[PDB]
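**Q** So that you have it, the file is query.pdb, and it contains PDB, C-alpha atoms:
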```pdb
ATOM      1  CA  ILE A   7     125.144 122.783 140.378  1.00  0.00           C
ATOM      2  CA  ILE A   8     121.300 122.573 140.279  1.00  0.00           C
ATOM      3  CA  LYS A   9     120.059 125.814 141.823  1.00  0.00           C
ATOM      4  CA  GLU A  10     116.782 126.251 143.793  1.00  0.00           C
ATOM      5  CA  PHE A  11     115.232 128.169 140.859  1.00  0.00           C
ATOM      6  CA  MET A  12     115.962 127.059 137.340  1.00  0.00           C
ATOM      7  CA  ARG A  13     114.913 128.042 133.834  1.00  0.00           C
ATOM      8  CA  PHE A  14     114.912 125.800 130.760  1.00  0.00           C
ATOM      9  CA  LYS A  15     114.686 126.222 126.987  1.00  0.00           C
ATOM     10  CA  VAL A  16     113.152 123.506 124.751  1.00  0.00           C
ATOM     11  CA  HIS A  17     113.147 122.844 120.990  1.00  0.00           C
ATOM     12  CA  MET A  18     111.057 119.979 119.511  1.00  0.00           C
ATOM     13  CA  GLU A  19     111.166 118.720 115.908  1.00  0.00           C
ATOM     14  CA  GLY A  20     108.341 116.356 115.136  1.00  0.00           C
ATOM     15  CA  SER A  21     106.041 114.516 112.740  1.00  0.00           C
ATOM     16  CA  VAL A  22     102.619 112.943 113.590  1.00  0.00           C
ATOM     17  CA  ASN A  23     100.887 110.900 110.830  1.00  0.00           C
ATOM     18  CA  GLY A  24     103.097 112.682 108.314  1.00  0.00           C
ATOM     19  CA  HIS A  25     102.318 116.218 109.666  1.00  0.00           C
ATOM     20  CA  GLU A  26     105.663 118.018 110.283  1.00  0.00           C
ATOM     21  CA  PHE A  27     106.059 120.698 112.977  1.00  0.00           C
ATOM     22  CA  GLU A  28     108.509 122.477 115.238  1.00  0.00           C
ATOM     23  CA  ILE A  29     107.856 123.748 118.755  1.00  0.00           C
ATOM     24  CA  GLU A  30     109.901 126.294 120.761  1.00  0.00           C
ATOM     25  CA  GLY A  31     109.438 126.825 124.456  1.00  0.00           C
ATOM     26  CA  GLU A  32     110.738 128.088 127.769  1.00  0.00           C
ATOM     27  CA  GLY A  33     109.963 127.235 131.297  1.00  0.00           C
ATOM     28  CA  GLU A  34     111.029 127.569 134.877  1.00  0.00           C
ATOM     29  CA  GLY A  35     110.713 125.816 138.152  1.00  0.00           C
ATOM     30  CA  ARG A  36     112.031 124.585 141.467  1.00  0.00           C
ATOM     31  CA  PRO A  37     114.020 121.410 140.881  1.00  0.00           C
ATOM     32  CA  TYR A  38     114.079 120.320 144.552  1.00  0.00           C
ATOM     33  CA  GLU A  39     110.361 121.133 145.047  1.00  0.00           C
ATOM     34  CA  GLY A  40     109.281 119.117 141.996  1.00  0.00           C
ATOM     35  CA  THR A  41     107.313 121.947 140.296  1.00  0.00           C
ATOM     36  CA  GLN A  42     107.657 123.614 136.911  1.00  0.00           C
ATOM     37  CA  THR A  43     105.802 125.611 134.285  1.00  0.00           C
ATOM     38  CA  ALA A  44     106.395 125.899 130.563  1.00  0.00           C
ATOM     39  CA  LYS A  45     105.176 128.089 127.729  1.00  0.00           C
ATOM     40  CA  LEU A  46     105.213 126.343 124.313  1.00  0.00           C
ATOM     41  CA  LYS A  47     104.812 127.885 120.852  1.00  0.00           C
ATOM     42  CA  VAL A  48     104.247 126.005 117.542  1.00  0.00           C
ATOM     43  CA  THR A  49     106.801 127.782 115.305  1.00  0.00           C
ATOM     44  CA  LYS A  50     106.306 125.577 112.141  1.00  0.00           C
ATOM     45  CA  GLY A  51     103.377 123.508 110.839  1.00  0.00           C
ATOM     46  CA  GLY A  52     100.749 125.230 112.964  1.00  0.00           C
ATOM     47  CA  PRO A  53      97.868 124.728 113.679  1.00  0.00           C
ATOM     48  CA  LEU A  54      98.453 121.056 114.527  1.00  0.00           C
ATOM     49  CA  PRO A  55      95.696 118.688 113.240  1.00  0.00           C
ATOM     50  CA  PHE A  56      96.064 116.437 116.352  1.00  0.00           C
ATOM     51  CA  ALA A  57      95.735 116.439 120.153  1.00  0.00           C
ATOM     52  CA  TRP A  58      98.286 118.559 122.034  1.00  0.00           C
ATOM     53  CA  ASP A  59      98.079 115.987 124.890  1.00  0.00           C
ATOM     54  CA  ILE A  60     100.296 113.456 122.999  1.00  0.00           C
ATOM     55  CA  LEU A  61     103.008 116.201 123.038  1.00  0.00           C
ATOM     56  CA  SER A  62     102.449 117.515 126.605  1.00  0.00           C
ATOM     57  CA  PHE A  63     104.415 114.671 128.313  1.00  0.00           C
ATOM     58  CA  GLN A  64     107.545 115.308 126.188  1.00  0.00           C
ATOM     59  CA  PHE A  65     108.088 118.819 127.453  1.00  0.00           C
ATOM     60  CA  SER A  69     111.723 117.369 132.408  1.00  0.00           C
ATOM     61  CA  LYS A  70     112.939 114.877 135.052  1.00  0.00           C
ATOM     62  CA  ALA A  71     115.522 117.254 136.630  1.00  0.00           C
ATOM     63  CA  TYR A  72     112.461 118.885 138.416  1.00  0.00           C
ATOM     64  CA  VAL A  73     111.381 115.766 140.380  1.00  0.00           C
ATOM     65  CA  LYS A  74     111.323 116.099 144.210  1.00  0.00           C
ATOM     66  CA  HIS A  75     113.349 113.174 145.706  1.00  0.00           C
ATOM     67  CA  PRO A  76     113.578 112.024 149.376  1.00  0.00           C
ATOM     68  CA  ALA A  77     117.261 112.259 150.539  1.00  0.00           C
ATOM     69  CA  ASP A  78     117.667 108.451 150.617  1.00  0.00           C
ATOM     70  CA  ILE A  79     116.753 108.046 146.838  1.00  0.00           C
ATOM     71  CA  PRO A  80     119.744 109.051 144.605  1.00  0.00           C
ATOM     72  CA  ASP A  81     118.577 111.812 142.237  1.00  0.00           C
ATOM     73  CA  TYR A  82     120.359 110.249 139.251  1.00  0.00           C
ATOM     74  CA  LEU A  83     119.171 112.798 136.681  1.00  0.00           C
ATOM     75  CA  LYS A  84     120.048 115.849 138.868  1.00  0.00           C
ATOM     76  CA  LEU A  85     123.519 114.296 139.506  1.00  0.00           C
ATOM     77  CA  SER A  86     124.015 113.861 135.724  1.00  0.00           C
ATOM     78  CA  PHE A  87     124.570 117.657 135.260  1.00  0.00           C
ATOM     79  CA  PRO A  88     126.321 119.827 133.874  1.00  0.00           C
ATOM     80  CA  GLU A  89     126.841 117.132 131.142  1.00  0.00           C
ATOM     81  CA  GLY A  90     123.204 116.062 131.472  1.00  0.00           C
ATOM     82  CA  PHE A  91     121.353 113.055 130.229  1.00  0.00           C
ATOM     83  CA  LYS A  92     119.503 111.445 127.307  1.00  0.00           C
ATOM     84  CA  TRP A  93     116.091 109.755 127.204  1.00  0.00           C
ATOM     85  CA  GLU A  94     114.201 107.654 124.655  1.00  0.00           C
ATOM     86  CA  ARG A  95     110.525 106.771 124.944  1.00  0.00           C
ATOM     87  CA  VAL A  96     107.852 104.628 123.255  1.00  0.00           C
ATOM     88  CA  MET A  97     104.142 105.219 123.852  1.00  0.00           C
ATOM     89  CA  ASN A  98     101.913 102.415 122.551  1.00  0.00           C
ATOM     90  CA  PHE A  99      98.297 103.626 122.359  1.00  0.00           C
ATOM     91  CA  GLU A 100      95.238 101.312 122.799  1.00  0.00           C
ATOM     92  CA  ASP A 101      93.971 101.977 119.208  1.00  0.00           C
ATOM     93  CA  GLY A 102      97.345 101.123 117.569  1.00  0.00           C
ATOM     94  CA  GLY A 103      98.838 104.654 117.485  1.00  0.00           C
ATOM     95  CA  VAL A 104     102.550 104.760 118.314  1.00  0.00           C
ATOM     96  CA  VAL A 105     104.808 107.639 119.473  1.00  0.00           C
ATOM     97  CA  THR A 106     108.629 107.542 119.901  1.00  0.00           C
ATOM     98  CA  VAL A 107     110.700 110.343 121.374  1.00  0.00           C
ATOM     99  CA  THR A 108     114.447 110.890 121.692  1.00  0.00           C
ATOM    100  CA  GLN A 109     115.669 113.677 123.899  1.00  0.00           C
ATOM    101  CA  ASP A 110     118.945 115.352 124.971  1.00  0.00           C
ATOM    102  CA  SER A 111     119.182 117.497 128.175  1.00  0.00           C
ATOM    103  CA  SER A 112     122.201 119.666 129.040  1.00  0.00           C
ATOM    104  CA  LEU A 113     122.978 122.726 131.176  1.00  0.00           C
ATOM    105  CA  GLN A 114     124.310 125.870 129.394  1.00  0.00           C
ATOM    106  CA  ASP A 115     124.654 129.434 130.839  1.00  0.00           C
ATOM    107  CA  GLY A 116     122.708 128.449 134.007  1.00  0.00           C
ATOM    108  CA  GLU A 117     119.659 127.143 132.094  1.00  0.00           C
ATOM    109  CA  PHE A 118     118.606 123.606 131.089  1.00  0.00           C
ATOM    110  CA  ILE A 119     118.589 123.059 127.285  1.00  0.00           C
ATOM    111  CA  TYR A 120     116.194 120.384 125.974  1.00  0.00           C
ATOM    112  CA  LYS A 121     116.385 119.041 122.356  1.00  0.00           C
ATOM    113  CA  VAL A 122     113.481 116.733 121.480  1.00  0.00           C
ATOM    114  CA  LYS A 123     112.706 114.635 118.357  1.00  0.00           C
ATOM    115  CA  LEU A 124     109.210 113.032 118.072  1.00  0.00           C
ATOM    116  CA  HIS A 125     107.550 110.541 115.657  1.00  0.00           C
ATOM    117  CA  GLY A 126     103.844 109.697 115.828  1.00  0.00           C
ATOM    118  CA  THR A 127     102.223 107.197 113.438  1.00  0.00           C
ATOM    119  CA  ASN A 128      99.371 104.716 112.875  1.00  0.00           C
ATOM    120  CA  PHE A 129      96.757 106.860 114.709  1.00  0.00           C
ATOM    121  CA  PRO A 130      93.312 106.063 113.115  1.00  0.00           C
ATOM    122  CA  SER A 131      91.907 109.022 111.063  1.00  0.00           C
ATOM    123  CA  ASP A 132      88.754 108.804 113.258  1.00  0.00           C
ATOM    124  CA  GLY A 133      90.539 108.291 116.654  1.00  0.00           C
ATOM    125  CA  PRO A 134      90.626 110.750 119.623  1.00  0.00           C
ATOM    126  CA  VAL A 135      94.163 111.965 118.732  1.00  0.00           C
ATOM    127  CA  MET A 136      93.391 112.923 115.100  1.00  0.00           C
ATOM    128  CA  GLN A 137      89.840 114.173 116.019  1.00  0.00           C
ATOM    129  CA  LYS A 138      91.244 116.267 118.979  1.00  0.00           C
ATOM    130  CA  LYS A 139      88.925 114.556 121.549  1.00  0.00           C
ATOM    131  CA  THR A 140      91.396 114.333 124.475  1.00  0.00           C
ATOM    132  CA  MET A 141      90.971 116.559 127.590  1.00  0.00           C
ATOM    133  CA  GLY A 142      94.272 116.308 129.530  1.00  0.00           C
ATOM    134  CA  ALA A 143      95.803 113.433 131.518  1.00  0.00           C
ATOM    135  CA  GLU A 144      94.850 111.702 134.770  1.00  0.00           C
ATOM    136  CA  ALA A 145      97.542 111.850 137.493  1.00  0.00           C
ATOM    137  CA  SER A 146      99.881 108.945 136.858  1.00  0.00           C
ATOM    138  CA  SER A 147     102.538 106.911 138.619  1.00  0.00           C
ATOM    139  CA  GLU A 148     105.765 105.927 136.772  1.00  0.00           C
ATOM    140  CA  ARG A 149     107.485 102.779 138.017  1.00  0.00           C
ATOM    141  CA  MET A 150     111.236 103.600 138.019  1.00  0.00           C
ATOM    142  CA  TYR A 151     113.790 100.744 138.100  1.00  0.00           C
ATOM    143  CA  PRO A 152     117.506 100.400 137.146  1.00  0.00           C
ATOM    144  CA  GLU A 153     118.530  98.063 134.288  1.00  0.00           C
ATOM    145  CA  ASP A 154     121.471  97.789 131.827  1.00  0.00           C
ATOM    146  CA  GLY A 155     123.198 100.622 133.701  1.00  0.00           C
ATOM    147  CA  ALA A 156     120.328 103.067 132.917  1.00  0.00           C
ATOM    148  CA  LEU A 157     117.094 104.073 134.693  1.00  0.00           C
ATOM    149  CA  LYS A 158     113.865 102.715 133.207  1.00  0.00           C
ATOM    150  CA  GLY A 159     110.289 103.857 133.687  1.00  0.00           C
ATOM    151  CA  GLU A 160     106.883 102.276 132.967  1.00  0.00           C
ATOM    152  CA  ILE A 161     103.560 104.170 132.980  1.00  0.00           C
ATOM    153  CA  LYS A 162      99.971 103.348 132.039  1.00  0.00           C
ATOM    154  CA  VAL A 163      98.888 106.832 130.844  1.00  0.00           C
ATOM    155  CA  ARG A 164      95.166 107.630 130.991  1.00  0.00           C
ATOM    156  CA  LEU A 165      94.023 110.504 128.799  1.00  0.00           C
ATOM    157  CA  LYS A 166      90.556 111.903 129.519  1.00  0.00           C
ATOM    158  CA  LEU A 167      88.019 112.073 126.719  1.00  0.00           C
ATOM    159  CA  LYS A 168      85.832 115.222 126.190  1.00  0.00           C
ATOM    160  CA  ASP A 169      82.515 113.299 126.472  1.00  0.00           C
ATOM    161  CA  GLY A 170      83.698 111.260 129.495  1.00  0.00           C
ATOM    162  CA  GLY A 171      85.621 108.014 129.243  1.00  0.00           C
ATOM    163  CA  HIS A 172      89.389 107.367 128.857  1.00  0.00           C
ATOM    164  CA  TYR A 173      92.050 106.776 126.118  1.00  0.00           C
ATOM    165  CA  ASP A 174      95.076 104.803 127.301  1.00  0.00           C
ATOM    166  CA  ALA A 175      98.729 104.108 126.434  1.00  0.00           C
ATOM    167  CA  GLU A 176     101.536 101.894 127.713  1.00  0.00           C
ATOM    168  CA  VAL A 177     104.695 104.090 128.073  1.00  0.00           C
ATOM    169  CA  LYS A 178     108.232 102.752 128.347  1.00  0.00           C
ATOM    170  CA  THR A 179     111.234 105.082 128.764  1.00  0.00           C
ATOM    171  CA  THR A 180     114.998 104.719 129.187  1.00  0.00           C
ATOM    172  CA  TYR A 181     116.887 107.553 130.947  1.00  0.00           C
ATOM    173  CA  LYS A 182     120.657 107.571 130.699  1.00  0.00           C
ATOM    174  CA  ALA A 183     123.201 109.957 132.303  1.00  0.00           C
ATOM    175  CA  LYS A 184     126.142 111.091 130.118  1.00  0.00           C
ATOM    176  CA  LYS A 185     128.606 110.225 133.012  1.00  0.00           C
ATOM    177  CA  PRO A 186     128.733 107.539 135.799  1.00  0.00           C
ATOM    178  CA  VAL A 187     126.387 108.940 138.536  1.00  0.00           C
ATOM    179  CA  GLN A 188     124.443 107.124 141.246  1.00  0.00           C
ATOM    180  CA  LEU A 189     121.604 105.007 139.863  1.00  0.00           C
ATOM    181  CA  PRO A 190     118.859 104.398 142.463  1.00  0.00           C
ATOM    182  CA  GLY A 191     116.973 101.199 143.363  1.00  0.00           C
ATOM    183  CA  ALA A 192     113.325 100.713 142.228  1.00  0.00           C
ATOM    184  CA  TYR A 193     110.721 103.460 143.184  1.00  0.00           C
ATOM    185  CA  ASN A 194     107.695 105.412 141.848  1.00  0.00           C
ATOM    186  CA  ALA A 195     107.519 108.984 140.476  1.00  0.00           C
ATOM    187  CA  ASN A 196     104.025 110.454 140.832  1.00  0.00           C
ATOM    188  CA  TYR A 197     103.064 113.025 138.205  1.00  0.00           C
ATOM    189  CA  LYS A 198     100.244 115.512 137.672  1.00  0.00           C
ATOM    190  CA  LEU A 199     100.436 117.594 134.467  1.00  0.00           C
ATOM    191  CA  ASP A 200      98.001 120.397 133.731  1.00  0.00           C
ATOM    192  CA  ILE A 201      97.408 122.483 130.576  1.00  0.00           C
ATOM    193  CA  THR A 202      96.929 125.845 132.379  1.00  0.00           C
ATOM    194  CA  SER A 203      95.982 127.853 129.251  1.00  0.00           C
ATOM    195  CA  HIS A 204      95.938 127.681 125.470  1.00  0.00           C
ATOM    196  CA  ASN A 205      94.863 129.840 122.509  1.00  0.00           C
ATOM    197  CA  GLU A 206      91.974 128.576 120.310  1.00  0.00           C
ATOM    198  CA  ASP A 207      94.105 126.497 117.874  1.00  0.00           C
ATOM    199  CA  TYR A 208      96.690 125.292 120.526  1.00  0.00           C
ATOM    200  CA  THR A 209      99.567 127.148 118.820  1.00  0.00           C
ATOM    201  CA  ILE A 210     100.413 128.745 122.256  1.00  0.00           C
ATOM    202  CA  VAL A 211     100.171 126.453 125.309  1.00  0.00           C
ATOM    203  CA  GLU A 212     101.062 126.841 128.991  1.00  0.00           C
ATOM    204  CA  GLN A 213     101.583 123.744 131.150  1.00  0.00           C
ATOM    205  CA  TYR A 214     102.265 123.135 134.816  1.00  0.00           C
ATOM    206  CA  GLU A 215     103.669 119.945 136.388  1.00  0.00           C
ATOM    207  CA  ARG A 216     104.380 118.585 139.833  1.00  0.00           C
ATOM    208  CA  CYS A 217     106.401 115.335 140.348  1.00  0.00           C
ATOM    209  CA  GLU A 218     107.842 113.534 143.384  1.00  0.00           C
ATOM    210  CA  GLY A 219     109.707 110.265 143.862  1.00  0.00           C
ATOM    211  CA  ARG A 220     108.268 107.948 146.545  1.00  0.00           C
ATOM    212  CA  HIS A 221     109.450 104.604 147.944  1.00  0.00           C
ATOM    213  CA  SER A 222     107.591 101.521 146.544  1.00  0.00           C
TER     214      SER A 222
END
```
Could you rewrite the structure in this file as structure tokens?
**A**
Amino acid sequence: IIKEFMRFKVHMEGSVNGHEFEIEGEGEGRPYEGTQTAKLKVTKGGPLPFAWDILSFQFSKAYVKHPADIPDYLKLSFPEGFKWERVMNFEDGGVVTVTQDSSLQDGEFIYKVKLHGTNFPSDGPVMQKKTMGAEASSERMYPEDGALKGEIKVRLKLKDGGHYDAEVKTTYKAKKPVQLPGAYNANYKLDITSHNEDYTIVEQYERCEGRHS
């Protein structure tokens, strides 16, 4: 059962342009309201020599507000949970892939994330830490191959004005047969609410809701 108030624990193992790191975090939210907050700590390989923003999106689709007529496929997947795999193709050739496992243990969501980032130019906004958060985006959700798929055009803001984009494609798959919905949009807004100087401690907030096309 997905309660009104839920905590989660996350562990990420990653590598960006060869730089290895581990992140440990915890968060909380209101799964039926579509709101959540997380506190992330770089536990290995800190400080990171790249933009935190490429990581921010990988830290929770069980906290998406759904209208009653759209089956909440990823909430229904629990206690077993679900798995997701993502590819983010950046406009300057940088590529990120993420594999994730979500489960429910002792009344809390447990997230296990693996991330690879490569081919970011040495002089690009990611490696030069020139990003300044993300614009609100809309993910186009649609069923296919017995899984839920999502497509997003992510727009990262640049510190001196201007944008830095990526094409994001994700597959979300429940660990048991649970009701897949028809096509729809999930509107996101993700904010970095606070960080220390070298981004080794970061707090994020997110609000997401599913809407009919």
**Q** For this file, the PyMOL selection byres ((chain A and resi 152) around 7) selects which residues, as a ChimeraX atom specification?
**A** /A:151,153,155-158,189-192
**Q** Keeping only C-alpha atoms, write those residues as a compact mmCIF listing (two decimals), in the frame of the given file.
**A**
```
# COMPACT_ATOMS: atom_id res chain seq x y z
CA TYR A 151 113.79 100.74 138.10
CA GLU A 153 118.53 98.06 134.29
CA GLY A 155 123.20 100.62 133.70
CA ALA A 156 120.33 103.07 132.92
CA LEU A 157 117.09 104.07 134.69
CA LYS A 158 113.86 102.72 133.21
CA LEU A 189 121.60 105.01 139.86
CA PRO A 190 118.86 104.40 142.46
CA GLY A 191 116.97 101.20 143.36
CA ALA A 192 113.32 100.71 142.23
```
**Q** For the structure shown, which residues end up in the PyMOL selection byres ((chain A and resi 167) around 9)? Put them as a PyMOL selection string, please?
**A** chain A and resi 134+139-142+165-166+168-173
**Q** Distance CA of residue 130 (chain A)-CA of residue 145 (chain A), one decimal place?
**A** 25.4 Å
**Q** Using all atoms listed in the file, which protein or nucleic acid residues come within 10 Å of residue 15 (chain A)? Drop anything in the same chain fewer than 5 positions from it, and give the result as an NGL selection string.
**A** :A and (30-34 or 44-46 or 65 or 111 or 113-114 or 117-121)
**Q** Which residues are near residue 19 (chain A)? Cut-off 8 Å, all atoms listed in the file, ignore same chain within fewer than 4 positions. Put them as a list in words.
**A** residues 26, 27, 28, 29, 122, 123 and 124 of chain A
**Q** I'd like the neighbourhood of residue 38 (chain A) as a PyMOL selection string, where a residue qualifies if any of its atoms comes within 7 Å (using all atoms listed in the file), though same-chain residues fewer than 2 positions away should be ignored.
**A** chain A and resi 10+36+40+72-74
**Q** Could you check how far CA of residue 100 (chain A) sits from CA of residue 209 (chain A), in Å to one decimal?
**A**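 If I compute the distance from CA of residue 100 (chain A) to CA of residue 209 (chain A), I get 26.5 Å.
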**Q** Of the residues A:211, A:96, A:107, A:85, which is the one nearest to residue 18 (chain A), using all atoms listed in the file?
**A**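 Ranking A:211, A:96, A:107, A:85 by distance to residue 18 (chain A), first place goes to A:107.
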**Q** CA of residue 97 (chain A) and CA of residue 186 (chain A) are how many Å apart?
**A**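 Separation between CA of residue 97 (chain A) and CA of residue 186 (chain A): 27.4 Å.
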**Q** Produce the centre coordinates and the three edge lengths, each in Å to one decimal, of the box along x, y and z that contains all listed atoms of region 199-216 of chain A with 6 Å added on each side, as lines of an AutoDock Vina configuration file.
**A**
```
center_x = 98.2
center_y = 123.7
center_z = 128.9
size_x = 24.4
size_y = 24.2
size_z = 34.0
```
**Q** For the file shown, what are the residues hit by the PyMOL selection byres ((chain A and resi 177-180) around 9), laid out as a short mmCIF file (atom, residue, chain, number, x, y, z; two decimals) with C-alpha atoms, in the frame of the given file?
**A**
```
data_model
loop_
_atom_site.label_atom_id
_atom_site.label_comp_id
_atom_site.auth_asym_id
_atom_site.auth_seq_id
_atom_site.Cartn_x
_atom_site.Cartn_y
_atom_site.Cartn_z
CA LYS A 92 119.50 111.44 127.31
CA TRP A 93 116.09 109.76 127.20
CA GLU A 94 114.20 107.65 124.66
CA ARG A 95 110.52 106.77 124.94
CA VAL A 96 107.85 104.63 123.26
CA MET A 97 104.14 105.22 123.85
CA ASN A 98 101.91 102.42 122.55
CA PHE A 99 98.30 103.63 122.36
CA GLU A 148 105.76 105.93 136.77
CA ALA A 156 120.33 103.07 132.92
CA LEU A 157 117.09 104.07 134.69
CA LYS A 158 113.86 102.72 133.21
CA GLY A 159 110.29 103.86 133.69
CA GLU A 160 106.88 102.28 132.97
CA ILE A 161 103.56 104.17 132.98
CA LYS A 162 99.97 103.35 132.04
CA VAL A 163 98.89 106.83 130.84
CA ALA A 175 98.73 104.11 126.43
CA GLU A 176 101.54 101.89 127.71
CA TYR A 181 116.89 107.55 130.95
CA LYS A 182 120.66 107.57 130.70
#
```
**Q** Can you fill out region 14-31 of chain A with N, CA, C and O atoms and hand it back as an mmCIF file, in the coordinates of the input?
**A**
```
data_model
loop_
_atom_site.group_PDB
_atom_site.id
_atom_site.type_symbol
_atom_site.label_atom_id
_atom_site.label_comp_id
_atom_site.auth_asym_id
_atom_site.auth_seq_id
_atom_site.Cartn_x
_atom_site.Cartn_y
_atom_site.Cartn_z
ATOM 1 N N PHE A 14 114.564 126.700 131.862
ATOM 2 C CA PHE A 14 114.912 125.800 130.760
ATOM 3 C C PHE A 14 114.411 126.359 129.450
ATOM 4 O O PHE A 14 113.420 127.109 129.422
ATOM 5 N N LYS A 15 115.054 125.931 128.372
ATOM 6 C CA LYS A 15 114.686 126.222 126.987
ATOM 7 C C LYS A 15 114.481 124.874 126.281
ATOM 8 O O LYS A 15 115.280 123.964 126.479
ATOM 9 N N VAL A 16 113.424 124.743 125.491
ATOM 10 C CA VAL A 16 113.152 123.506 124.751
ATOM 11 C C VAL A 16 112.891 123.772 123.268
ATOM 12 O O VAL A 16 112.256 124.767 122.905
ATOM 13 N N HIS A 17 113.369 122.855 122.425
ATOM 14 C CA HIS A 17 113.147 122.844 120.990
ATOM 15 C C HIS A 17 112.729 121.406 120.634
ATOM 16 O O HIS A 17 113.433 120.459 120.985
ATOM 17 N N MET A 18 111.570 121.256 119.985
ATOM 18 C CA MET A 18 111.057 119.979 119.511
ATOM 19 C C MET A 18 110.859 120.001 118.004
ATOM 20 O O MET A 18 110.268 120.941 117.472
ATOM 21 N N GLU A 19 111.348 118.961 117.332
ATOM 22 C CA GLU A 19 111.166 118.720 115.908
ATOM 23 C C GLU A 19 110.338 117.467 115.843
ATOM 24 O O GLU A 19 110.730 116.451 116.401
ATOM 25 N N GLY A 20 109.204 117.523 115.180
ATOM 26 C CA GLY A 20 108.341 116.356 115.136
ATOM 27 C C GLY A 20 107.575 116.132 113.865
ATOM 28 O O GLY A 20 107.502 117.021 113.009
ATOM 29 N N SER A 21 106.899 114.969 113.821
ATOM 30 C CA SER A 21 106.041 114.516 112.740
ATOM 31 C C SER A 21 105.000 113.545 113.328
ATOM 32 O O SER A 21 105.377 112.555 113.964
ATOM 33 N N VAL A 22 103.700 113.828 113.132
ATOM 34 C CA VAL A 22 102.619 112.943 113.590
ATOM 35 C C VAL A 22 101.747 112.622 112.408
ATOM 36 O O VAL A 22 101.182 113.542 111.828
ATOM 37 N N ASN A 23 101.658 111.319 112.009
ATOM 38 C CA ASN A 23 100.887 110.900 110.830
ATOM 39 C C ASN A 23 101.330 111.659 109.586
ATOM 40 O O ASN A 23 100.499 112.042 108.776
ATOM 41 N N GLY A 24 102.621 111.939 109.471
ATOM 42 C CA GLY A 24 103.097 112.682 108.314
ATOM 43 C C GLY A 24 103.092 114.192 108.450
ATOM 44 O O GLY A 24 103.768 114.851 107.666
ATOM 45 N N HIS A 25 102.391 114.757 109.466
ATOM 46 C CA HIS A 25 102.318 116.218 109.666
ATOM 47 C C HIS A 25 103.548 116.735 110.415
ATOM 48 O O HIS A 25 103.681 116.468 111.604
ATOM 49 N N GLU A 26 104.426 117.479 109.722
ATOM 50 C CA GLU A 26 105.663 118.018 110.283
ATOM 51 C C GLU A 26 105.426 119.321 111.027
ATOM 52 O O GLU A 26 104.583 120.133 110.635
ATOM 53 N N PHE A 27 106.180 119.524 112.106
ATOM 54 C CA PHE A 27 106.059 120.698 112.977
ATOM 55 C C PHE A 27 107.326 120.911 113.755
ATOM 56 O O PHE A 27 108.169 120.021 113.849
ATOM 57 N N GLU A 28 107.453 122.101 114.325
ATOM 58 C CA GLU A 28 108.509 122.477 115.238
ATOM 59 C C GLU A 28 107.856 123.256 116.330
ATOM 60 O O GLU A 28 106.881 123.990 116.072
ATOM 61 N N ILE A 29 108.345 123.060 117.559
ATOM 62 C CA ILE A 29 107.856 123.748 118.755
ATOM 63 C C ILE A 29 109.048 124.364 119.481
ATOM 64 O O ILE A 29 110.095 123.715 119.620
ATOM 65 N N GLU A 30 108.885 125.615 119.951
ATOM 66 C CA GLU A 30 109.901 126.294 120.761
ATOM 67 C C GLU A 30 109.249 126.713 122.056
ATOM 68 O O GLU A 30 108.081 127.140 122.068
ATOM 69 N N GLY A 31 109.981 126.536 123.148
ATOM 70 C CA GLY A 31 109.438 126.825 124.456
ATOM 71 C C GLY A 31 110.442 127.236 125.504
ATOM 72 O O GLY A 31 111.657 127.143 125.313
#
```
